[PDB]
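Asker: Before I ask anything, here's the sequence and the deposited coordinates:
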Amino acid sequence: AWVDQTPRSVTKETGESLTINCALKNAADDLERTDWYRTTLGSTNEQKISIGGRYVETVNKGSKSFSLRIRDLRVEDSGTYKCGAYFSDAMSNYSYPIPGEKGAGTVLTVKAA
């Protein structure tokens, strides 16, 4: 399988909103877990976004697509966002990581005004 992330790059202004779409393609089993990662400009490491508050995820397991919205964009918010989509049956014991695929990513630029 693979994931389709959108948009690939985008520029936005302080106090605006971003929506990254993602869709899991050519996957045999159900969508089971979604994750969102972000490496801010200047940062050497992918951190995981904790959904809630200014971050809001919308999932459609049926069509295996999901999206992230980010309220009140800002300076510090610039970097690369990647969605993670994990999938399996029921037979597979979850104490072992399930197959998954990541998006190519969204490089987000924020300027203030």
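Answerer: It's in. Residues are numbered from 1 along each chain as shown.

Asker: in a helix, that's where residue 94 is, yeah?
Answerer: No: read with DSSP: H, G, I helix; E, B strand; the rest coil, residue 94 is coil and lies in no helix.

Asker: how deep is it tucked in, by neighbour count?
Answerer: By other CB atoms under 10 Å, 11 other residues sit near residue 94. Any C-beta I mention is one placed from the backbone N, CA and C, and that applies to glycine too.

Asker: Could I get the contacting residues of it?
Answerer: residue 88 (CB atoms under 8 Å, 6 or more residues apart in numbering).

Asker: quick one: it from residue 76, how far?
Answerer: Per CB to CB, to the nearest Å, residue 94 is found 35 Å from residue 76.

Asker: What are the buried residues along stretch 102-113?
Answerer: For stretch 102-113, the neighbour count (16 or more other CB atoms under 10 Å) marks 102, 103, 105, 106, 107, 108, 110 as buried.

Asker: if we look at stretch 12-20, which residues are touching it?
Answerer: Residues outside stretch 12-20 that contact it (CB under 8 Å, 6+ apart) are 5-7, 10, 36, 67-75, 81, 83, 103, 106, 108-113.

Asker: Which strand or helix spans the most centrally placed residue in the chain?
Answerer: For the chain, residue 83 is the residue whose C-alpha lies nearest the centre (CA atoms, centre = their mean; 2.6 Å). Taking DSSP states H and E as the criterion, residue 83 maps to strand 79-88.
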